Each structure stands twice: as structure tokens, then as C-alpha cells.
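Order as written gives the chain letters A, B, C, D, E and F; numbering starts at 1 within each chain.
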Amino acid sequence: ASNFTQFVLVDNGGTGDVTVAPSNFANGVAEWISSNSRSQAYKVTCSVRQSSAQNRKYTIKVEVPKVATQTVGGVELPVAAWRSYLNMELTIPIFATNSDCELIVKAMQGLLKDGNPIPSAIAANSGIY
Amino acid sequence: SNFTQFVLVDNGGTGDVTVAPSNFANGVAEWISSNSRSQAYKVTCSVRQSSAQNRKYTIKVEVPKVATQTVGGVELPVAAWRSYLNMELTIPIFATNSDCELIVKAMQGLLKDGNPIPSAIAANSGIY
Amino acid sequence: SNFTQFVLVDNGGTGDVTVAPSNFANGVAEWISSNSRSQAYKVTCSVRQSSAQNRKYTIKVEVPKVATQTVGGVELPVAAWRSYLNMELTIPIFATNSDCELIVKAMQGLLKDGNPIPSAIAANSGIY
Amino acid sequence: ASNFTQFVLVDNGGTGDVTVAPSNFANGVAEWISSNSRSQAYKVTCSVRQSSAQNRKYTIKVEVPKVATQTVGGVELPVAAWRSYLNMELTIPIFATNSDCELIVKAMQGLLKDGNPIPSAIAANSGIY
Amino acid sequence: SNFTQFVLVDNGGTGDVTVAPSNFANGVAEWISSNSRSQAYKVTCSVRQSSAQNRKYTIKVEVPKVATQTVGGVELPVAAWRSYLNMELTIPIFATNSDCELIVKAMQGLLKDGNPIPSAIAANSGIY
Amino acid sequence: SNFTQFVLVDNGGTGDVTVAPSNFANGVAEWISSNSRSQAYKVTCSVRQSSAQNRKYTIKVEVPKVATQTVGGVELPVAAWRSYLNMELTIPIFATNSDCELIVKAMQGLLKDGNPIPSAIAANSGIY
């Protein structure tokens, strides 16, 4: 019943889906990577800690690479042209029940739902106006 | 124009939480729900050129604690009743529109129901 | 594999308290119940080689105060609502499996119903 | 109606049971020992004190010896090859009623019940995974 | 999850040596066989980013010689001696899954029965 | 004689990588695959008396990535990068042939298909 399982990070409709699988749990940080070389792989990391006496903090990081082939010293190597970084920090009081956490999760899901302002602004290289 | 209201929490039509625009000072968009500022859902979004090669999106979400809450009452301490989400998205300036759509899809798939991270968050648990 | 859920408090089938796995960071197993983290039963267990000749088990149990409690509410101060058990078991490296079973039986018989220590704890009393 | 009585520490099913009996109450520490020499005897100690203004702390210690015969200077002596130590510290708020203490006791009993993860891990010289 | 129990020495069903996870402190996974710790097989594995382009694996295995020590009439389960294996594998970050599979295949074929190195080790001899 | 040709990478008849003896200078045996030396697999083995009671084996394997370099219009067969394996096995002089066979069996079972370490190496990942 472990939750350290693989999941589809980018859903392209069956074909072309990006899937990340568990790869590391050292130092209390769970890590997911895609089935590529580590210089061209998507990376997802999650960790939870007791920040204050009455607060718990989640730290989630996502790395989205742009794959490319670079010629270094006459030899072609698989590299990433650039990487997009997502940094998420969620602080939840210790008094929050399971229903409150479900509310937080639903709010996070609805924040980035297709058609909403913020995802549309991100996908259009524009701000909110 | 995209500064409109949207359903932040979807409950199947009944009980939906809708956040409407409430502030645009300094170019930062803000959405709040029909509640007091101590018990409301707040979403803020802004984008800026962080470095010479990167653009950074700053998204902040505030979620109230609903269980055993008093609507319109004074609930103290504040830190014991509010959940804070601070999301930062760094995109290099070379990314096209399709790359941004791919990043958006990755973010959506990260928090899709049934995936490890949302299940861990929703169960007051970590990764095991 | 032994990282599974188990009945922490047995009430004869009805009202049983079950703790399920919730964290495995740094190799430390953690169990919590279906409650908020301020009102839940928490069990953590870890084993390490403390010295050159001994292995040490560290077991920590947290029990909430149930009498006159508000389910899902903010109860302060924290120290007035939680009971903390910190158990440390030191086993020399020369102990076989049978020796470990004997130690487990000794620990079980120490807290068996009717024995002095559990009766003293359950009656808010000492040894008289 | 005193609770300073003897009890079976290790229940081997009638035959071979290890029984500890009261032996000392000096300096506020109740002590149980088995009917052996003090170099080969099981020892159980319990004490309660008012740690803070609103907290009470129980201190329970159990010693499990491994009996052996050692030849020192040509003479055989009853000693213990090694000793296993259990240290328990239980902090209970002063606002906890008898029902809350019964809940704590039941949780402690169910933590070490046969078949549960922690006792199985201890009895198998392994951790939790 | 790969932090599970596995057979270290395969003796054909009966007499197999099995190691179970025991500790994951400081990012170093550890496997220990059952029974007395003094006469137990130990396997440790850890992976780190050595350089900007390389990832290094560190694997250690200890094989004990089971014996009984008698000093002054006291019998203790100990190990007469231990054999220590230290493996260090460096893999560049440009290696794909196929490259890692090929490296694993090479490592397996290095110690396959009938090959020079395992035959030399099993015969208490070198290369001749 | 064990200083013979053997298959390093078994690809099922076709595509097998074979290494042949090339040098035995200073007590270090060396195996090199055919064709260009720049894109050749290298295996070296040497055994020495490290201490008064221990014998140490030193085994090194290099796996190249075959590539073609073009500088100024001149094409040369080179290796884009190489993976280096360093193994050091210490065996006490008290070990018999059975003990050495058991050590070899342990080494083979460490890298057997399906086991944690080879699966991690072949998947470009660590222990999770």
C-alpha cells in the first residue's frame, strides 16, 4: 500500500506520455526520474518536515528539461539546452484534519485547471491583466 | 484578458469555491473568495524576468482550515488555521509556446488524482 | 516485509484504533491514525548500532487525550493534550533470535493486564 | 490493596516463567528482581515524578540478562554474559483522566502485541521496511 | 521498492543466506542477515554525485566465518574472520538506461562461473 | 591456463564483446578487445600479498562509448567517454577453496539480474 509509485507527469493522451518512476529515497527526499539519461531526464522530488512546533512543510520540486544534442570536442553528447524549475512549498498546521488536506489538494488542483487564468497566462507567455 | 473569476475548488457543481478578482496593485493579480480575509481562499500570481536568461512565475495560494471552523468568527492563532502554498516556476527565455504548454501539462500531471504526491498530501503522510 | 498497519488499541472489534504507515524518510518507520496530526496516535520505530557491541531500538508512541476533546478542533497548549512514550531497547550483538524472542516476551509480560506497572499507570498512581 | 506485587515478566506457559518480586523502595524507586543472584537476575524499576508544573513523567527500566558461568582466577562464578536494557519514559499531562490513562495503557499494549510490525521486527533482528 | 529482502548466497533452496533491510541512515542503505549480529552478513549500498558529470556507487559486502568463542568458560557466537568486498562504480551522467544495463551485464559476466577471476578467487589462487 | 580469451559482454552469439590477452607486465594481466585500441574494452587483474594475513585482488574494467571524431575534416575512431570499474577483493590466507568459491558465489549473486544493485545501475538510478 506504499504511495512511492510511478505516475504520468505529462499526459499526452496515451502516446508520448512522460512517466516518472521512483529512483531514490536517500536523506529523506523521495525522487522520481524519467527513463532517460540523467542529463535529459525529468526530475520530481518531494519531502516533508516539521518546520515549527505546530506546522508541517512540504517541499516539492519539478525539473522540466529541453533535450538537445551538443558537440563537445567533436563528440555528440545528450544534454539539456535549458531546464524549467518549479518550486512548491506548502505549510499545513498540525491541527488540520484529512478533510482540510483534501481541501488544500482540491484548491491546488483547481488553481492549475485548464481554462483558469493562471495556467492560461503561463501557457501564453503573458501575465495577468 | 485573463483576469477573470474561476472555480478554485470543484465539488461537482454544489459547494464549489469560486475566487474572484480583488486587487491588481503593482501588477500582481489577486483572487479571493466571498469570505473574510482571515477565512478566504487567496490566489496571487505575478511574472517577472528573474535573471538574464530566465522568467519566473510566482504563484501563492492560501487555503483555510474548514473543520470545526466558525464562519465569520475571530480564530487565533492565525498560523493554526491557514495553509500556505508558495509555487515558483522558472522558465528560460528560449521556451516557445509549445514548451510552456508542455510545462503546464507536467504541472497538471504532477497533482492529478491518484498520483503519489497528491495522495501523500491528502493523507497527512509522506512517501513510504 | 513488516511495514503494515496494525491495531494499536484493541477495543473488542468496535472502536478499535488502527495505525497505518505514513512515512519512511531516513529509514524510520512511522504509523499514524485517521486523525489530524495534533489528535492522532503516532508510532515510530528505528534500529541502529549504538555501540561496538550493542544494537538499539528506538520506539516512540504518542497518545492523544480523548476526554472532553473536540474532534478536528484547535486544542492548546499541545503539552496538555498529548502523552509521550519514549522506549529504548538495547540488545547486545551476541543475542540470537531466541534471545530476542525472550526479550519480547519479557516486554510483553511487563505490560500485561493485572501487572503492577500497567495498573499503576492506568490508575494515575505510583507504587504503594 | 497495594499494587507493589509480584508478576510474571516472561510468560513461557506455566513452566519456565520468569517471575519478578518486589525488592526495594529506597529513594522513591520501586524495584522488582527475580529469584536469582543479583549478577544474573532480571530487574524492573519504576518511578513517577512531577517533571513540569503540568506534566508527570514515568520512568520504567527493564534489564534482561544472559546467564553464564565465568572462571575468574580458577573459580567458577555466576555472571551475565551481556544484558539487554529497556528504557521507557512516559509523559502524561495532569489534565488526563483515568480514561485517558487507560487509552495510553491500551496503546502501549497494542504496540507490542504479537503479530504487530514492531515486535516482529525486534524478534527477527531486523528493521521496519 | 528495491529496499527489500533478497538472497545473497543461493545454496539451492536449503541453506540460502538472506539479508533484510536494517538501516538507511545518511543515505547508506544496509542489509543484515538474521540471527546473531556478530555472525551476520552485511551489505551496504550508496550512490552520490561525485563530480559534475559522474555518479559513484559504493557497495560493501562482509562475509563472516561462523565460529564459537570460549573464554573462561563463557561461550559467545562470534565470527573467526571476515572477508571484505569494496566495489566502486562510476557512471557518467550521459549514460542512458541501455548503457547502465550494459554495465550491469559486464559486471555480471566478470564474475560468471568458469571465468578467470571467479575461478581464481574460488581456488585461493591468482592468475596463471 | 586462465590467461585466455573470454567473452566480456554476452549478447547472445552475435555482437558479443571478446577480450584477448595483451600484456602481463609487472604482474598485471591485461585483456583488450579487437579492432582499434582507442575504442577497445580493457580488463586488468592482479593479485598481491597486501598484509601478512591477507591477499588482495585488483580488477579494473573500462567500457568505452564508440564514436567518431571529426576535427578539421579528419575522421578518427575514438571513444566519446569511458566507464571505469574498480574492484578490490581482500581474502585472508586462512580461506580454503570452499571459502573462495563462496566468495565468488556472493560476488556473482550481487550482480545477478533482478537484484537491487544491477537494476539500479541499469536504470541510471540509485536505491529507492
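What we mean here is this: contacts are C-beta pairs under 8 Å (C-beta built on N, C-alpha and C of every residue); 3 or more make two chains touch, one makes a residue touch a chain.
Protein identities per chain, from UniProt: A, B, C, D, E, F = Capsid protein.
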(message) Counting one step per pair of touching chains, how far is subunit D from subunit B at the shortest?
(response) 2
(message) subunit B and subunit C share one sequence, so how far apart are they rotationally when you fit their Cα atoms? Give it in degrees, rounded to a multiple of 5.
(response) 70
(request) Indicate the whole-number Å distance between the mean C-alpha point of subunit B and the mean C-alpha point of subunit F. (result) 53
(request) Averaging only over C-alpha atoms, locate the centres of subunit C and subunit F and give their separation in whole Å. (result) 50
(message) Using Cα averages as centroids, what's the distance between subunit D and subunit F in whole Å?
(response) 55
(request) For subunit E and subunit F, let me know how many angstrom lie between their CA-based centres, rounded off. (result) 17
(request) For subunit D, jot down the residues that touch at least 2 other chains. (result) 81, 124-127, 129
(request) Could you run through all the chain pairs that touch each other? (result) A-B, A-C, A-E, A-F, B-C, C-D, C-E, D-E, E-F
(request) Can you check the complex and tell me which residues of subunit A touch subunit F? (result) 4, 22-26, 30-31, 33, 35-38, 41, 73-77
(message) For a test of understanding, state which residues of subunit A touch subunit B in their complex under the given definition.
(response) 2-5, 7-12, 18, 25, 30, 32, 42, 44, 46-48, 52, 54-55, 58, 60, 62, 64, 66, 81-129
(message) Can you tell me which positions in subunit E touch subunit A when the two form their complex?
(response) 1, 3, 24, 26-27, 46-47, 55, 93-97, 99
(request) Quick one: which bits of subunit B touch subunit C in the complex? Just the residue numbers, please. (result) 67-68, 75, 80-81, 123-128
